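Participant: What follows is a single structure, and I will ask about it in a moment.
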Amino acid sequence: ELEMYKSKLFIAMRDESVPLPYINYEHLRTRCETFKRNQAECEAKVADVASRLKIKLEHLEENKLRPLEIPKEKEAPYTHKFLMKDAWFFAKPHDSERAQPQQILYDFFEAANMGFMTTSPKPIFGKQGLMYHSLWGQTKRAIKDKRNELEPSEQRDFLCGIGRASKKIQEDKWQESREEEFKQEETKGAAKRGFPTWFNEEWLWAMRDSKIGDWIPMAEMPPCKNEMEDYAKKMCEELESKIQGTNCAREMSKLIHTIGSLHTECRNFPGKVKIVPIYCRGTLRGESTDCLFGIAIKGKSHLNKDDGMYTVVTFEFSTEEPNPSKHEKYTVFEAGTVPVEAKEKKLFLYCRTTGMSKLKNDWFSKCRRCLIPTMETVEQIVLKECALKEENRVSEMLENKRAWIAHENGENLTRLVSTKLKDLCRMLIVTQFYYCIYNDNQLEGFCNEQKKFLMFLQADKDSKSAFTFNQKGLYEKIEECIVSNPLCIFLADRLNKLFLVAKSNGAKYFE
Amino acid sequence: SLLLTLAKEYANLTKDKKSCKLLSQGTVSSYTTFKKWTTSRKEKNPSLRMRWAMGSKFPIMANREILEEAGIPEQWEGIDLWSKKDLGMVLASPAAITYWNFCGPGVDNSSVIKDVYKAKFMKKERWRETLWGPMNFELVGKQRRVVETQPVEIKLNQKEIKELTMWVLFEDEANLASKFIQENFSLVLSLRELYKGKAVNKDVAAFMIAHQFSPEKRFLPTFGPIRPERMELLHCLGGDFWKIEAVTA
Amino acid sequence: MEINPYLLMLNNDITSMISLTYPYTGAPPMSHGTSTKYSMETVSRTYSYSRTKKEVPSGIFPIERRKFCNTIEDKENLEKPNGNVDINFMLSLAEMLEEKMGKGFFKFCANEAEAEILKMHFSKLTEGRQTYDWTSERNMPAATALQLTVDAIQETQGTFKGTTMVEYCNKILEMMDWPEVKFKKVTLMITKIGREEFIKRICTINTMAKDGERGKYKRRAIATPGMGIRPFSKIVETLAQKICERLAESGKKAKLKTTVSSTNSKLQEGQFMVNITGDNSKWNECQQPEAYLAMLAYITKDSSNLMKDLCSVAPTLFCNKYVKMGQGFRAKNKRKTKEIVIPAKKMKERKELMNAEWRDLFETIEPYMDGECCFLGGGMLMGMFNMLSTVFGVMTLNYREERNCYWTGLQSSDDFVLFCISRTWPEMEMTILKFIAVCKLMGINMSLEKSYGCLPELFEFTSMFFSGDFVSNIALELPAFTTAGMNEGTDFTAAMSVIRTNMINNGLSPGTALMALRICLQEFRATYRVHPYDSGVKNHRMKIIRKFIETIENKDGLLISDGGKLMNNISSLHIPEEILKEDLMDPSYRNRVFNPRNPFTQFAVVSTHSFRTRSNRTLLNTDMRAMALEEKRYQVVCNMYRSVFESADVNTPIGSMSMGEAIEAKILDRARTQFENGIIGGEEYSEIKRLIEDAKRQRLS
RNA sequence: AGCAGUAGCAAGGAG
RNA sequence: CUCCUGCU
C-alpha cells in the first residue's frame with residue numbers, strides 16, 4: 001500500500017534538480033523538516049528596499065495625462081468590404097416563387113436594364129482598367145444568358161488569381177546551386193496611416209432614419225402574462241421600432257443576405273467562379289421589396305483551414321463624385337444616367353477586388369447579434385434610475401431624460417447636444433455594429449487600455465487622488481497599438497476630446 | 001432463446017484474427033476507454049457544419065426499409081426524397097422528416113411518453129397553477145448557497161440513486177451489499193411492482209428514475225425564503241434592480 | 001457636427017458605461033503560420049530573466065543545466081523582472097503562514113487530499129482536454145493517448161492490471177526502468193525504442209499558438225503536456241485545490257465586502273486605506289518549479305511516506321522539460337517564386353538563412369538545443385499548475401514585519417487587489433515599496449504600467465469594476481448563446497439553458513433575455529430552414545407544410561421546427577418546447593410525431609427530430625484508414641459487452657481480469673440461473689455450451 | 001493583384 | 001490523363 005516504486009533513473013533525476021546549496025533530495029528534505037525562521041529576513045527585505053529607485057506619481061501635482069499621439073501621416077482609406085453611405089439600389093416588387101439569389105439576379109437583369117450599362121475603357125482613376133472593363137462586359141454577357149459560371153479567360157485568370165502561389169518545396173530534394181537561387185526570409189510589420197476625416201460623416205449618416213421601413217428580419221413576439229413580460233415586450237417594441245428604420249439596419253441586412261449567399265456558394269461550389277448579387281429586402285409602402293446594390297464574384301475557394309482568403313470582386317452602384325483620398329482602393333468607372341425624381345443625375349460604377357475568409361463569415365453573416373449589448377445598456381441606465389427612485393417610472397422616464405452626445409466642430413468646451421434616450425439607442429447600435437466590422441488586433445488592445453483611462457476619469461470625478469507608477473511605457477503601449485485601423489485612430493481622437501470636455505471641470509489633465 | 005443469440009454473436013466475434021488480441025488482453029475498466037475513440041479534434045464549429053449540411057439536398061442518413069414501407073418517391077412538385085447511394089442505409093432530406101410528420105401513419109403511445117417525463121410535466125403543472133402580482137423596483141441581493149431545486153419527496157444524495165438502479169433493474173452484478181439497503185429494500189419491494197412489465201428500454205428507465213428521486217442541488221445566488229418550490233423560479237422571481245412575488249398559496 | 005460616443009461617462013458611472021468598451025461582437029484574432037518564434041521568445045526570454053550564468057553539467061541528458069535558485073547576479077536594474085527565488089525567504093513565509101491559522105493545518109489538508117487520492121480511478125484522466133501522444137508525436141484526445149500508452153505497456157512487457165491511480169503511476173516509473181520499450185508505428189508495423197529516448201520522450205511538452213484570445217495585440221504560445229505528466233499534476237492540483245478552498249484570502253463578491261468592511265473597522269484616528277489594482281506581469285516565466293519542490297517538501301513534512309514521495313515528482317518533471325519547436329520557417333528567393341520549408345530538425349544546419357531577429361533569438365538558445373526540442377528548466381508554461389501559484393499570492397499577502405501600517409488584499413491567477421493602511425503618504429511609499437520588495441524577492445514581478453490606486457473602493461479584479469457602492473458584471477461571450485448545432489430539438493432548449501445560466505449568475509436584465517431569446521430563435525429557424533406557416537417562404541420544406549396545413553385542426557400546437565410559432569417566454573425558460581406544447585396537438589399529429597418507429601431515430605429533451613447526418617469523406621481517403629478500422633472494431637467489441645451486460649452505462653464497469661472472461665462467466669451465470677428456473681432444454685444448453693467451449697478454444701488459441 | 005499583420009492564404013495530394 | 005478533399 002504505502003510504498004511508491006523506488007526506481008533507479010528517477011531518483012538520480014530528483015537529486016539533480018534541487019536548489020544549489022544542496023547535494024541530494026534527502027539533505028533538502030531534512031533541512032526543510034527542521035526549518036525555523038529568523039529576523040535576518042527583515043534585513044534582506046530592507047536591503048531590497050534600498051536598491052530600488054522607484055517612486056509613485058501623484059495626479060494633483062503632476063497631472064500629466066497628455067493627449068495620445070495620432071499619426072500625422074497620410075489619411076487612412078476606406079477599407080470596409082462594401083459601401084455604406086455612398087450606395088444606390090434598384091428596386092422591384094418582390095415575387096415569392098423567384099426567391100433564390102440567382103433568380104433575383106436574373107429578375108434584376110430584366111428590371112434595371114444592363115444593356116444601357118456602357119463603360120468606356122478609360123476609368124476616372126484607378127490602377128487596372130482594361131481588366132475590369134472586359135470583366136464587366138464578360139459578366140454582363142454571362143448574365144444575359146442566365147448562367148452563373150464565368151468561362152476561363154485571361155481577365156479572370158489575372159484578377160481572381162489562379163496559379164498565384166509559391167512553389168512549396170520540402171527539404172528532401174533541394175538541388176543547391178553555386179550562388180544561384182539565393183534564398184532567405186523577411187518580415188516587416190504594418191504600414192502607418194493617419195486620421196480619417198470621413199468617419200464623422202458616415203457615423204452621422206448611419207444613425208439617421210432612411211420611405212423604406214423595416215430592414216432586419218426579426219422574429220415574432222411570444223405571448224405575455226400579467227408579469228414583467230409587459231415590461232420586456234414593451235422595451236423590445238420601442239427599441240426595435242427605433243432600430244429598424246436607420247441605415248445601420250440596412251447595412252446589417254446587406255451583410256446578412258450577401259454573406260449568406262457567398263457563404264453557401266462557398267460550400268456547394270468550390271473550384272468554380274460564381275456570380276452573386278449584393279442585395280437586401282425591406283418593406284416599401286407595405287409591399288415588401290428587395291434592393292440590389294452590386295455584383296460580387298467569388299474566386300474558387302478551397303477553404304482547407306479556417307483561413308483561406310478567397311478573392312471577391314465587387315462592382316458597385318454609386319451616384320457621387322469619387323475621391324482619391326477616401327475612395328483610394330476603388331477603380332471608379334462611369335456608367336451613365338439615372339432618373340431620380342425629387343433630375344437625371346449621373347451613375348458611377350465602382351470596382352474593387354478584395355478578400356473574405358471562412359472565419360470572417362460566421363461573424364459577418366450572423367451579425368444580427370448586435371442588439372444584445374444595446375438593450376443591456378439602455379436597460380441598465382433605466383433600471384438603475386428606477387432602482388434609485390424606487391418607483392415605477394419607465395415610460396415617462398424614456399422621454400424626459402437627456403443624454404449628452406456629439407459636441408460641435410469649432411468649439412467643444414461644454415457645448416454638447418442632449419438627446420432623448422431613444423436617440424441614445426440609435427447611437428449605441430451604430431457603435432456596436434462598428435465594432436463588428438473593424439475588429440482587428442489593434443481595436444482589441446486599444447479597448448483594453450481605454451478601459452484603464454476610463455478608470456482614471458471616474459477617479460477624477462469623485463476626488464479620490466489617483467496615482468500611477470510609470471507613465472512612459474503606458475503611452476508606449478497605447479501609442480504602439482494605434483497604427484492603421486480607422487476605428488482605432490478615430491476612437492483615440494474622440495478619447496482626447498473627452499479629455500478636453502472633462503478638463504473644462506475636473507483637474508487631472510492638459511489642454 | 002436470447003442466450004442462443006448472444007452465444008451466436010460471441011462465437012462470431014472470436015473467429016477474427018487481430019480481434020483476439022483486443023479482448024482478453026485488457027481489463028473490464030478499459031471498456032470505458034474503449035468507448036471513447038473520437039479522433040476528430042474538437043468540433044469547434046458544429047452549427048457551421050449543420051448549416052453546411054442542411055443547405056445540401058441529401059445530408060441525412062436514414063433507414064431504408066421503413067421509409068420504403070410507407071414513403072413516396074417524390075412529392076407532388078419536384079421535391080426529392082430519396083437517393084440510391086451508400087450497409088443498406090439510405091440518404092435523405094429533412095423533407096422526409098416533415099413529410100413523415102404530416103402524411104405518415106401513427107402509433108398511439110401518449111400515456112407512455114406522458115409517463116417518461118413526469119418531472120417536467122410536474123414542472124408544467126406547478127407553473128400553470130401559480131399567480132403573480134405587481135413589480136417593486138428595489139435593490140436586492142444575497143450570497144450563493146447550495147440549494148436542492150426540485151419538489152421531490154425522497155431526497156437521496158446522488159449515491160443511493162446509482163445504487164438504487166443497480167438493485168432494481170439488474171441485480172446479477174449490482175453492488176456489494178451495504179447497510180444502506182433495508183428501508184430502501186422496502187422501496188425495492190415497491191419499485192419492482194412498477195418497472196417489471198413495460199415496453200420502455202432499460203436506458204430510458206434508468207434515465208427516468210434519477211429525475212424523480214434526485215433533488216438537484218446547485219450553487220446559486222439565492223434570496224428570500226429557500227423553499228425548493230420557488231427555486232426553479234429563481235431566474236423569474238427577481239433580478240438585481242427589480243423584484244416580483246405575490247403568491248398566496 | 002462632431003460626434004463622440006464617450007460622453008455618457010460625464011454623468012454616469014463605470015458600472016453602467018463599461019459594457020460599451022468591450023469589442024466582443026467581432027471576430028477573435030487568429031494566428032497564422034508556424035509557432036516557432038513565440039516558443040523561442042518564451043524560452044530565450046526565460047533565460048534572460050534568470051539573472052545568472054551558473055551552468056551545471058548533466059549525466060542523464062547530454063546538455064548543460066542552469067540552476068534557478070540562490071544563484072543571483074543582482075544587476076542594478078532591479079525594476080526589470082527577475083526569475084530567481086530565495087528559498088529561506090519563501091519557507092519563512094510558509095512558517096509565517098501556518099502560524100496565522102491553526103497549528104496542524106498542512107497535515108489536516110494534506111490528509112484530506114490523500115483521503116481523496118487513494119479513492120480515484122484513472123478514467124478520471126480521460127475527462128480532460130487534448131494531450132500529446134508520444135507514439136506518433138501528435139495531438140490526440142485524452143482517451144486515445146491513454147489507450148496508446150497502455151497499448152505500449154501491454155505490447156512491451158506483460159499486461160496491465162492496475163485500475164487505480166497509484167498503480168498506474170508506479171507503472172510509469174517502472175516504464176522508466178526498462179532498457180527497451182516497443183510500440184507500433186505506421187499499415188501497423190511494430191518498432192522499438194531505447195532508454196534515453198524514452199526519458200527524452202516522456203518529458204516532451206508540445207507548444208502551439210493560443211487561438212482566439214480577446215485582449216492582446218501580440219500573440220502568445222500555449223503548451224500542452226504529455227500523458228505521463230498529467231496524473232501527477234492532477235494529484236498536486238487536488239492537494240492545492242483543497243488548500244485554496246480552505247483559505248479565505250483567495251478566490252468573489254462577498255469576500256471583498258468582508259475584507260473591505262473589516263479593514264474599515266481597523267482604522268485609528270489618523271490612518272486611512274488606499275487600494276491598488278495591480279497585474280503581475282510575466283507570470284509564466286517567473287515561477288520556478290524548484291520552489292514548488294521545496295514548498296511541497298514543506299507541506300508534506302508530516303503527511304505519510306507514500307504522499308511525501310508522490311507529491312515530489314511533477315515538479316521534478318517540470319524542472320527539466322522539453323519544448324517542441326513548432327515546425328520551422330520558410331525561405332524564398334528574390335523573385336518570390338519558390339518557397340522552401342525548413343522544419344525544426346534542420347534548423348541547426350540551415351542557420352544562415354534567417355533574419356536579424358530570428359538569429360538574435362537563436363544564438364542565445366543555441367547551447368540548449370536538442371534535435372527537435374529545446375531544453376527548458378525554469379519556466380512554468382500555460383496550462384499547468386494554476387491553483388498553486390495563487391498560494392504564493394496568499395503567502396505574500398500575509399507578511400508581518402514586526403506605526404501600525406500594513407496591507408491585505410485578494411489574489412487570483414495573476415490579478416490582485418491590494419489594500420494599504422497607513423498615516424502619511426511617504427509612509428505609503430515605505431509600505432508599498434516593502435510590498436514590491438517582498439514580491440520581488442519571492443519571484444513575483446508586479447507590472448508598473450498597469451497598476452493604479454485610489455482611496456475608497458475603485459478597483460478592478462478579473463474584469464469586475466467595483467465602484468463606490470455598485471458592482472459591475474462580467475462581459476460574456478455572445479456565440480455561447482448559439483453553440484449546439486446537433487438537432488432540430490437539442491439546440492433551442494440548450495440556448496434557453498444558456499440564457500438561464502447567464503441570467504442567474506450575472507446581471508442580465510430581462511430585456512436582454514427576451515431580445516437574445518428571440519434572436520436565437522431567428523438563427524435556429526434560419527439554420528434549419530423552417531419558417532412559420534403564414535410566412536411567405538416557398539422552399540422544399542414549406543410547400544409540404546403549406547399544402548398539408550388544412551389537416552391540422554389546432555394550429556398553434558405545431559412544433560417550431562415544423563412551422564409553428566414561439567410560445568416560450570422569460571418565465572418559461574426551464575421547460576422545453578414540446579412539454580409546453582403536448583396539451584394542444586391533434587391526435588393524428590401527436591400520434592404521428594411521437595412514433596418511435598421512424599426511419600430517422602432508429603437504425604435533455606424528447607428525441608423525435610433527432611437525426612444523424614453523414615460523416616466527412618477524408619475518413620476513408622487519407623493514409624490513416626486503419627485508424628477508422630480501429631474505431632469500428634472498438635465499436636464492435638463495445639457493442640458486444642454492452643449486449644451482454646444490459647445496464648452498464650449507468651455504473652462505471654470496474655474489474656481487473658479481462659473482458660471476455662466476464663462475458664463467458666456471465667453467460668454461464670445466466671445460463672445456470674435461467675436454466676434451473678426457466679429454459680430447460682438439452683440442445684439449447686449443450687449447444688450454447690458448445691459455442692462457449694468452442695469460442696474459448698478459439699480465443700485461447 | 002489582393003487579403004493581410006511579425007507569417008501565412010491565394011489550392012493540395014496520389015495513382 | 002483521372003481520382004480524392006472541405007479541421008488532419
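By convention here, the chains of the C-alpha cells are called A, B, ... in the order presented, each chain's residues are numbered starting at 1, and ligands are numbered starting at 1 in the order presented.
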Please run DSSP on the backbone and report, as a VMD selection string, all residues within stretch 256-447 of chain A that come out as strand (DSSP E).
Facilitator: chain A and resid 275 to 278 281 to 284 287 to 290 294 to 297 311 to 318 333 to 339 344 to 355 403 to 405 417 to 419
Participant: Could those selected residues go to a file with C-alpha atoms, as a compact mmCIF listing (two decimals), in the first residue's frame?
Facilitator:
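Output below, filename result_22.txt:
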```
# COMPACT_ATOMS: atom_id res chain seq x y z
CA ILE A 275 -21.78 35.46 -59.82
CA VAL A 276 -23.66 36.56 -56.70
CA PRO A 277 -25.98 39.57 -56.19
CA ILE A 278 -25.45 42.10 -53.40
CA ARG A 281 -35.10 43.04 -48.70
CA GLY A 282 -37.26 45.65 -46.98
CA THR A 283 -40.84 46.81 -46.99
CA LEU A 284 -41.83 49.74 -49.23
CA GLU A 287 -45.31 45.91 -50.26
CA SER A 288 -42.13 44.01 -49.35
CA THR A 289 -39.46 44.72 -51.98
CA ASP A 290 -35.84 43.78 -52.46
CA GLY A 294 -23.96 45.38 -56.50
CA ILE A 295 -22.43 42.35 -58.16
CA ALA A 296 -19.95 40.05 -56.43
CA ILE A 297 -17.67 37.43 -57.94
CA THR A 311 -10.99 36.55 -53.83
CA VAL A 312 -14.20 38.59 -54.04
CA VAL A 313 -14.71 41.18 -56.78
CA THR A 314 -17.30 43.90 -56.09
CA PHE A 315 -18.94 46.05 -58.77
CA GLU A 316 -20.86 48.82 -57.03
CA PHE A 317 -23.55 51.37 -57.92
CA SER A 318 -22.84 54.94 -56.84
CA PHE A 333 -15.63 53.98 -63.93
CA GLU A 334 -18.65 55.88 -65.22
CA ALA A 335 -21.80 54.10 -66.31
CA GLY A 336 -24.37 56.69 -67.23
CA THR A 337 -27.54 58.44 -66.11
CA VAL A 338 -30.22 57.50 -63.57
CA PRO A 339 -33.53 59.42 -63.35
CA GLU A 344 -31.48 62.72 -64.14
CA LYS A 345 -28.18 62.52 -62.33
CA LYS A 346 -25.01 60.60 -63.04
CA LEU A 347 -24.18 56.98 -62.28
CA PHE A 348 -20.65 55.84 -61.48
CA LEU A 349 -19.67 52.20 -61.25
CA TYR A 350 -17.11 51.36 -58.58
CA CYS A 351 -14.72 48.45 -58.77
CA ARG A 352 -12.80 46.64 -56.06
CA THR A 353 -11.00 43.37 -55.60
CA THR A 354 -10.77 42.11 -52.03
CA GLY A 355 -10.85 39.03 -49.85
CA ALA A 403 -28.08 62.16 -22.84
CA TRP A 404 -25.09 64.32 -23.74
CA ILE A 405 -23.59 63.37 -27.10
CA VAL A 417 -26.10 68.05 -27.74
CA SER A 418 -28.52 66.43 -25.31
CA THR A 419 -30.88 63.98 -26.98
```
Participant: Find the residues around residue C:505 up to 10 Å (only C-alpha atoms (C1' of nucleotides) counted), leave out those fewer than 2 positions away in its own chain, and share them as a list in words.
Facilitator: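 Result of the neighbour search: residues 144, 219, 220, 221 and 235 of chain B; 473, 474, 500, 501, 502, 503, 507 and 508 of chain C.
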Participant: Would you save the residues of that selection, restricted to N, CA and C atoms, as a PDB file, in the first residue's frame?
Facilitator:
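Output below, filename part-v4.pdb:
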```pdb
ATOM      1  N   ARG B 144     -24.363  33.192  -2.359  1.00  0.00           N
ATOM      2  CA  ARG B 144     -24.548  31.945  -3.078  1.00  0.00           C
ATOM      3  C   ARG B 144     -24.602  30.784  -2.095  1.00  0.00           C
ATOM      4  N   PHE B 219     -25.190  25.520  -6.896  1.00  0.00           N
ATOM      5  CA  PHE B 219     -24.573  26.584  -6.110  1.00  0.00           C
ATOM      6  C   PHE B 219     -25.045  27.918  -6.679  1.00  0.00           C
ATOM      7  N   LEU B 220     -26.122  28.454  -6.111  1.00  0.00           N
ATOM      8  CA  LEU B 220     -26.815  29.544  -6.769  1.00  0.00           C
ATOM      9  C   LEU B 220     -26.955  30.765  -5.868  1.00  0.00           C
ATOM     10  N   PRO B 221     -26.933  31.972  -6.451  1.00  0.00           N
ATOM     11  CA  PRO B 221     -27.318  33.178  -5.704  1.00  0.00           C
ATOM     12  C   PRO B 221     -28.795  33.190  -5.362  1.00  0.00           C
ATOM     13  N   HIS B 235     -34.761  32.432 -11.692  1.00  0.00           N
ATOM     14  CA  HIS B 235     -34.456  33.405 -12.727  1.00  0.00           C
ATOM     15  C   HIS B 235     -35.643  34.294 -13.068  1.00  0.00           C
TER      16      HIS B 235
ATOM     17  N   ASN C 473     -20.861  43.828 -13.801  1.00  0.00           N
ATOM     18  CA  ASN C 473     -20.945  42.422 -14.152  1.00  0.00           C
ATOM     19  C   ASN C 473     -20.099  42.089 -15.381  1.00  0.00           C
ATOM     20  N   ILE C 474     -19.817  40.801 -15.524  1.00  0.00           N
ATOM     21  CA  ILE C 474     -18.810  40.316 -16.457  1.00  0.00           C
ATOM     22  C   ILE C 474     -19.380  40.294 -17.869  1.00  0.00           C
ATOM     23  N   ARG C 500     -30.526  31.027 -19.381  1.00  0.00           N
ATOM     24  CA  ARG C 500     -30.858  30.775 -17.986  1.00  0.00           C
ATOM     25  C   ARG C 500     -29.637  30.935 -17.084  1.00  0.00           C
ATOM     26  N   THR C 501     -28.546  30.232 -17.396  1.00  0.00           N
ATOM     27  CA  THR C 501     -27.365  30.289 -16.541  1.00  0.00           C
ATOM     28  C   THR C 501     -26.656  31.628 -16.648  1.00  0.00           C
ATOM     29  N   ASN C 502     -26.773  32.306 -17.792  1.00  0.00           N
ATOM     30  CA  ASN C 502     -26.282  33.672 -17.878  1.00  0.00           C
ATOM     31  C   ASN C 502     -27.208  34.659 -17.202  1.00  0.00           C
ATOM     32  N   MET C 503     -28.422  34.250 -16.839  1.00  0.00           N
ATOM     33  CA  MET C 503     -29.292  35.185 -16.141  1.00  0.00           C
ATOM     34  C   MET C 503     -29.152  35.050 -14.636  1.00  0.00           C
ATOM     35  N   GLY C 507     -25.804  39.696 -14.194  1.00  0.00           N
ATOM     36  CA  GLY C 507     -26.966  40.548 -14.079  1.00  0.00           C
ATOM     37  C   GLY C 507     -28.032  40.116 -15.059  1.00  0.00           C
ATOM     38  N   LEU C 508     -27.797  40.415 -16.338  1.00  0.00           N
ATOM     39  CA  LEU C 508     -28.623  40.027 -17.484  1.00  0.00           C
ATOM     40  C   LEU C 508     -30.094  40.388 -17.263  1.00  0.00           C
TER      41      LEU C 508
END
```
Participant: Contacts from chain C to chain A, 6 Å maximum, only C-alpha atoms: show me the residue list as a PyMOL selection string.
Facilitator: chain C and resi 1-4+7+23+25-26+69+92+170+215-217+298+301+306+316+331-333+337-341+353+437+448-449+452-455+511-512+516+522+566-567
Participant: For stretch 2-5 of chain E, please output as a ChimeraX atom specification all residues within 10 Å (counting only C-alpha atoms (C1' of nucleotides); exclusion window: fewer than 6 positions along the same chain).
Facilitator: /A:302,304 /C:616-618,620-622 /D:12-15
Participant: Check which residues of chain B sit at most 9 Å from chain E using only C-alpha atoms (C1' of nucleotides), and return one row each with the closest pair of atoms and their distance in Å to one decimal, ordered by chain and rising number, as a tab-separated table.
Facilitator:
```
residue	atom	partner	partner_atom	distance
B:40	CA	E:7	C1'	8.2
B:41	CA	E:7	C1'	7.5
B:42	CA	E:7	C1'	8.7
B:43	CA	E:7	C1'	8.1
B:44	CA	E:7	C1'	8.6
```
Participant: Would you output that residue set with N, CA, C and O atoms, as a JSON list (two decimals), in the first residue's frame?
Facilitator:
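This went into result.json:
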```
[["chain", "number", "residue", "atom", "x", "y", "z"],
["B", 40, "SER", "N", -11.69, 12.93, -34.13],
["B", 40, "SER", "CA", -11.84, 14.32, -34.53],
["B", 40, "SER", "C", -11.42, 15.23, -33.38],
["B", 40, "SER", "O", -11.50, 14.86, -32.21],
["B", 41, "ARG", "N", -10.94, 16.42, -33.73],
["B", 41, "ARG", "CA", -10.19, 17.22, -32.78],
["B", 41, "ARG", "C", -11.06, 17.86, -31.70],
["B", 41, "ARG", "O", -10.96, 17.48, -30.53],
["B", 42, "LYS", "N", -11.92, 18.81, -32.06],
["B", 42, "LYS", "CA", -12.82, 19.40, -31.07],
["B", 42, "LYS", "C", -14.24, 19.64, -31.55],
["B", 42, "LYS", "O", -15.11, 19.85, -30.69],
["B", 43, "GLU", "N", -14.51, 19.57, -32.85],
["B", 43, "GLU", "CA", -15.75, 20.06, -33.48],
["B", 43, "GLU", "C", -16.05, 21.50, -33.04],
["B", 43, "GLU", "O", -17.10, 21.81, -32.49],
["B", 44, "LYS", "N", -15.08, 22.37, -33.32],
["B", 44, "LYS", "CA", -15.09, 23.74, -32.83],
["B", 44, "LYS", "C", -16.09, 24.65, -33.54],
["B", 44, "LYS", "O", -16.28, 25.79, -33.11]]
```
